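Trainee: I have a structure I would like to understand better, so I am pasting it below and will then ask my questions one at a time.
Residue numbers (the deposited numbering), protein chains in the order written: chain A, 29 to 316; chain B, 32 to 39, 42 to 318.
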């Protein structure tokens with residue numbers, strides 16, 4: 029009841045499958061993006077592509093950013109005049125990974141201009157995107173979140189976590205757990221293996237017990253198959269660790285586990301692992 | 032057909050055993066547990082050796098390597114065991130302890146399989162433990178009908194490899210516990226309500242059994258022992274000790290042995306393993 033016109037800004041990692049469920053739900057879609065073949069794939073689904081982002085945004089009820097980071101988001105919104113050009117009553121959904129400090133800052137500026145902001149990061153990777161079974165962690169006002177919810181349901185299950193920046197904060201909690209569990213799984217599988225155990229059987233043995241996790245089943249299988257082709261790059265996980273640690277020092281929180289994991293990931297990017305998948309941390313820990 | 036338990042999760046497992054049609058013999062240290070088992074049809078013996086005598090399969094649920102040696106070699110179970118029989122060790126023992134027991138019993142004609150377990154009291158009542166077995170393939174095959182009752186067994190390798198997989202298992206569990214704990218505290222300091230973050234988290238890349246079970250306990254601040262914080266620390270140390278026998282470098286596990294040690298020093302030894310949350314929360318005021 030609040031929204032029919034949707035704009036994407038960027039396509040991030042799962043933009044395409046999300047646009048297709050979007051069109052399939054009968055939303056009309058405008059896009060501004062930087063990559064021709066994705067643009068074509070989107071055009072094929074019915075989306076209208078614009079050369080300038082401001083143009084894509086202007087008539088939108090809901091503008092969804094799938095941009096990379098805080099700087100890019102700032103530039104697009106303000107250097108490129110997206111904010112200036114949005115409708116009154118419209119909503120801006122930030123899905124980009126961005127610091128909760130940045131989310132609160134963007135929420136203040138847009139509010140200055142009569143535009144609502146929620147920060148709505150996702151977990152769930154490629155098939156949650158295709159199946160509409162993402163998990164979405166939202167920061168902002170309850171009324172805005174209800175306004176959002178029908179668009180949100182198309183992508184997965186959304187949960188309202190708190191006020192502006194809360195979604196990004198729940199997002200960094202989720203990346204800490206993913207970033208550490210990755211290393212826990214690489215370290216235990218290597219331990220078992222130096223011990224003359226064979227990785228596949230061990231994984232098969234602990235499946236369905238206390239050691240079981242979405243990280244063991246997804247990244248662990250990639251560890252078993254030495255398949256480190258990037259889906260989310262190792263350097264993205266480093267950034268998630270760094271943002272979590274920057275947030276920790278700002279809110280006065282001591283996080284030693286994540287401190288160890290930032291070092292280990294930092295020790296991976298040097299050593300030329302930037303472009304392996306996040307599970308590529310196995311490689312760092314093998315060589316040792 | 033004939034099973035013995037040495038020591039007792043053992044009560045719900047014996048329930049299942051007895052229903053499933055097996056005859057059971059027990060040697061127990063705890064009178065109330067012997068009472069319950071008596072109630073199910075188990076015959077309780079005074080001496081470990083008398084309960085082991087006529088068994089096809091003897092299942093050890095003793096505490097540790099010392100105790101299993103004691104019970105086997107000192108109190109004559111090994112000497113007293115049948116010609117065909119099988120010893121299943123579910124005790125927490127090192128892979129070295131288990132290679133050694135495998136050989137001493139092997140010289141007496143007794144088969145040996147190390148079969149530790151993962152899962153809760155809830156897994157044991159509902160028959161859905163996960164079982165990690167080291168030892169000979171034909172032995173494993175002989176044991177399977179039995180292990181099937183408890184849950185789902187996977188033959189991982191030769192003697193000593195169930196205990197290896199169990200240390201690997203306990204490494205992940207113990208690290209995931211701090212990971213979940215630290216993430217929930219971080220979010221809470223940041224303003225977020227813990228229940229809500231766990232709700233949001235569930236179903237994506239961060240979901241695990243640790244979040245679902247121990248994380249619910251952290252959310253409710255319910256740290257009553259189901260497996261004690263002492264045992265998890267011991268697990269890390271076993272793991273680091275084996276790590277060193279095999280030449281392995283484990284810096285993560287190494288950090289967690291530290292965190293669990295600081296926890297035990299700060300009074301928390303008899304909390305649940307989810308109690309490491311209390312340690313990480315103190316450090317943070």
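Even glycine gets a Cβ: it sits at the ideal position worked out from N, Cα and C.
Could you tell me which chain B residues have their CB closer than 7 Å to the CB of residue 115 of chain A, listed as they occur along the chain?
Mentor: Taking the first chain and counting its residues from 1, one reaches residue 115 of chain A at position 87. Neighbours of residue 115 of chain A on chain B: none; closest Cβ ~29 Å, over 7 Å.
Trainee: Do the segment 261-276 of chain B and the segment 254-272 of chain A touch if we need at least three Cβ pairs shorter than 8 Å?
Mentor: No, the segment 261-276 of chain B is not in contact with the segment 254-272 of chain A.
Trainee: If we call anything under 8 Å between Cβ atoms a contact, is residue 219 of chain A one with residue 283 of chain B?
Mentor: Mapped onto the first chain, residue 219 of chain A falls at position 191. Mapped onto the second chain, residue 283 of chain B falls at position 250. Annotated as proximal: residue 219 of chain A and residue 283 of chain B, with beta-carbon spacing under 8 Å.
Trainee: So, residue 92 of chain A versus residue 123 of chain A, is the Cβ gap smaller than 8 Å?
Mentor: Locating residue 92 of chain A in the first chain gives position 64, where the first residue counts as 1. Locating residue 123 of chain A in the first chain gives position 95, where the first residue counts as 1. Yes, they are a contact pair.
Trainee: Have a look at residue 256 of chain B and residue 208 of chain B and give me their C-alpha separation to the nearest angstrom.
Mentor: The residue given as residue 256 of chain B occupies position 223 in the second chain. The residue given as residue 208 of chain B occupies position 175 in the second chain. Taking the straight line from one Cα to the other gives about 17 Å.
Trainee: Whose Cβ in chain A lies nearer than 9 Å to the Cβ of residue 222 of chain B?
Mentor: Within the second chain, residue 222 of chain B is the residue found at index 189, counting from 1. Chain A residues near residue 222 of chain B: 276, 279, 280, 281.
Trainee: On the DSSP bridge assignment, give the partners of residue 164 of chain B in chain order.
Mentor: Here the question's residue 164 of chain B lines up with position 131 in the second chain. Residue 164 of chain B is bridged to B:150, B:186.
Trainee: Suppose you measure from the CA of residue 149 of chain B to the CA of residue 162 of chain B; what does that come to, to the nearest Å?
Mentor: On the second chain, residue 149 of chain B is found 116 positions in, with the first residue counted as 1. On the second chain, residue 162 of chain B is found 129 positions in, with the first residue counted as 1. Their Cα atoms are separated by approximately 10 Å.
Trainee: Would a check of beta-carbon distances place residue 229 of chain B closer than 8 Å to chain A?
Mentor: Here residue 229 of chain B refers to the residue found at position 196 of the second chain. Taking Cβ atoms only, chain A reaches closer than 8 Å to residue 229 of chain B, which makes this a yes.
Trainee: Let's test the definition: count the other Cβ atoms within 10 Å of the Cβ of residue 215 of chain B and tell me whether it reaches 16, buried, or not, exposed.
Mentor: Within the second chain, numbered from 1, the residue matching residue 215 of chain B stands at position 182. Under this definition residue 215 of chain B is a buried residue.
Trainee: Is residue 35 of chain B close to chain A? Criterion is C-beta to C-beta, closer than 8 Å.
Mentor: Here residue 35 of chain B corresponds to residue number 4 of the second chain, with the count starting at 1. So no, residue 35 of chain B is outside the interface.
Trainee: Restricting to Cα atoms, I'd like to know which of B:192, B:177, B:243 is closest to residue 186 of chain B.
Mentor: For the purposes of this step, residue 186 of chain B is taken as the residue at position 153 of the second chain. If we check each option's Cα against that of residue 186 of chain B, B:177 comes out closest.
Trainee: Between residue 280 of chain A and residue 222 of chain B, what straight-line distance do the alpha-carbon atoms span, to the nearest angstrom?
Mentor: Counted from its first residue, the first chain places residue 280 of chain A at position 252. Counted from its first residue, the second chain places residue 222 of chain B at position 189. Each residue's alpha carbon lies about 8 Å from the other.
Trainee: Please list the segments of the alpha helix (DSSP H) lying wholly inside the segment 201-248 of chain A, counting only runs of 4 or more residues, in order along the chain.
Mentor: 227-234
Trainee: Return no unless some Cβ of chain A is closer than 8 Å to the Cβ of residue 202 of chain B.
Mentor: As a position in the second chain, residue 202 of chain B is number 169, starting the count at 1. So, interface residue.
Trainee: Could you tell me which chain A residues have their CB closer than 9 Å to the CB of residue 239 of chain B, listed as they occur along the chain?
Mentor: Working through the second chain from its first residue, we reach residue 239 of chain B at position 206. The contacting residues are 151, 163, 201, 202, 203, 204, 205, 206, 209, 241, 242, 243.
Trainee: Please name the residues in the segment 283-314 of chain A whose beta-carbon is closer than 7 Å to at least one beta-carbon of chain B, in chain order.
Mentor: 283, 285, 286, 288
Trainee: Is the separation between the beta-carbon of residue 202 of chain B and that of residue 239 of chain A shorter than 8 Å?
Mentor: Residue mapping note: residue 202 of chain B aligns to position 169 of the second chain, counting from 1. Residue mapping note: residue 239 of chain A aligns to position 211 of the first chain, counting from 1. The answer is yes: Cβ separation under 8 Å.
Trainee: Please work out which residues of its chain come closer than 7 Å, Cβ to Cβ, to residue 285 of chain B, disregarding the five sequence neighbours upstream and downstream, and give them in chain order.
Mentor: Position 252 of the second chain, counting from 1, holds the residue named residue 285 of chain B. Counting only residues of its own chain and dropping the five nearest sequence neighbours on each side, residue 285 of chain B has a CB closer than 7 Å to the CB of 208.
Trainee: Our contact map puts residue 306 of chain B next to residue 210 of chain B with C-beta atoms below 8 Å; I'd like the distance itself, whole angstroms only.
Mentor: Along the second chain, read from residue 1 onward, the residue named residue 306 of chain B stands at position 273. Along the second chain, read from residue 1 onward, the residue named residue 210 of chain B stands at position 177. Residue 306 of chain B to residue 210 of chain B, Cβ: 6 Å. Contact.
Trainee: Between the beta-carbon of residue 98 of chain B and the beta-carbon of residue 127 of chain B, is there less than 8 Å?
Mentor: Reading the second chain from its first residue, position 65 is the one you call residue 98 of chain B. Reading the second chain from its first residue, position 94 is the one you call residue 127 of chain B. Yes.
Trainee: Check the Cβ-Cβ distances between residue 219 of chain A and every residue of chain B, and say whether any is below 8 Å.
Mentor: By one-based count along the first chain, residue 219 of chain A stands at place 191. Yes, because at least one Cβ of chain B sits closer than 8 Å to the Cβ of residue 219 of chain A.
Trainee: Flag this pair as yes or no: are the beta carbons of residue 151 of chain A and residue 224 of chain B separated by less than 8 Å?
Mentor: As a first step, residue 151 of chain A is located in the first chain; it is residue number 123 there, counting from the start. As a first step, residue 224 of chain B is located in the second chain; it is residue number 191 there, counting from the start. No, the pair does not count as a contact, with Cβ atoms beyond the cut-off.
Trainee: Please classify residue 169 of chain A: does DSSP put it in a helix, a strand, or coil?
Mentor: Taking the first residue of the first chain as 1, we reach residue 169 of chain A at position 141. Residue 169 of chain A falls in the coil class under three-state DSSP.
Trainee: Go through its chain and collect everything with a Cβ distance to residue 195 of chain B's Cβ below 6 Å, but skip five positions before and after it.
Mentor: In the second chain, residue 195 of chain B corresponds to position 162, counting from 1. So the list reads 147, 148, 149, 165, 166, 167, once near-sequence residues are dropped.
Trainee: Here's a check: name, in chain order, each residue in its chain whose Cβ is nearer than 7 Å to the Cβ of residue 198 of chain B, leaving out the five neighbours to either side.
Mentor: Stepping through the second chain from its first residue, residue 198 of chain B is reached at position 165. Contacts found: 165, 189.
Trainee: Pick helix, strand or coil for residue 145 of chain A, following the three-state DSSP scheme.
Mentor: Start at 1 with the first residue of the first chain, and residue 145 of chain A comes out as number 117. Correct three-state label for residue 145 of chain A: strand.
Trainee: Figure out for me which residue from B:118, B:206, B:36 has the closest Cα to the Cα of residue 84 of chain B.
Mentor: As a first step, residue 84 of chain B is located in the second chain; it is residue number 51 there, counting from the start. Among B:118, B:206, B:36, the Cα nearest to that of residue 84 of chain B is on B:36.
Trainee: Keeping to the same chain, check which residues put their C-beta closer than 7 Å to that of residue 287 of chain B; ignore five residues upstream and five downstream.
Mentor: Translated into the one-based positions of the second chain, residue 287 of chain B becomes position 254. Correct list, in chain order: 273.
Trainee: Are residue 111 of chain B and residue 105 of chain B closer than 8 Å when you measure CB to CB?
Mentor: Reading the second chain from its first residue, position 78 is the one you call residue 111 of chain B. Reading the second chain from its first residue, position 72 is the one you call residue 105 of chain B. It is a contact, given that the beta carbons lie within the stated cut-off.
Trainee: Verify the CB distance criterion: does residue 212 of chain B have a CB-CB separation below 8 Å to chain A?
Mentor: Residue mapping note: residue 212 of chain B aligns to position 179 of the second chain, counting from 1. At least one CB atom of chain A sits nearer than 8 Å to the CB of residue 212 of chain B.
Trainee: Going by the DSSP bridge assignment, what does residue 33 of chain B pair with across the sheet?
Mentor: The residue labelled residue 33 of chain B in the question sits at position 2 within the second chain. BP columns for residue 33 of chain B point to B:56.
Trainee: Can you tell me the Cα-Cα spacing of residue 33 of chain B and residue 125 of chain B, whole angstroms?
Mentor: Counting from 1 along the second chain, the entry for residue 33 of chain B is found at position 2. Counting from 1 along the second chain, the entry for residue 125 of chain B is found at position 92. Whole-angstrom Cα-Cα distance: 24 Å.
Trainee: What does a CB cutoff of less than 6 Å around residue 248 of chain A pick up in its chain, not counting 5 residues either side in sequence?
Mentor: Position 220 of the first chain, counting from 1, holds the residue named residue 248 of chain A. Cβ neighbours of residue 248 of chain A beyond the five flanking positions: 213, 231.
Trainee: Could you check the C-alpha separation between residue 38 of chain A and residue 61 of chain A for me, to the nearest Å?
Mentor: Numbered from its first residue, the first chain carries residue 38 of chain A at position 10. Numbered from its first residue, the first chain carries residue 61 of chain A at position 33. So the two alpha carbons sit approximately 5 Å from each other.
Trainee: Give me the Cα-Cα distance between residue 293 of chain B and residue 311 of chain A, rounded to the nearest whole angstrom.
Mentor: Walking along the second chain from the start, residue 293 of chain B turns up at place 260. Walking along the first chain from the start, residue 311 of chain A turns up at place 283. Going by the C-alpha atoms only, they are around 27 Å apart.
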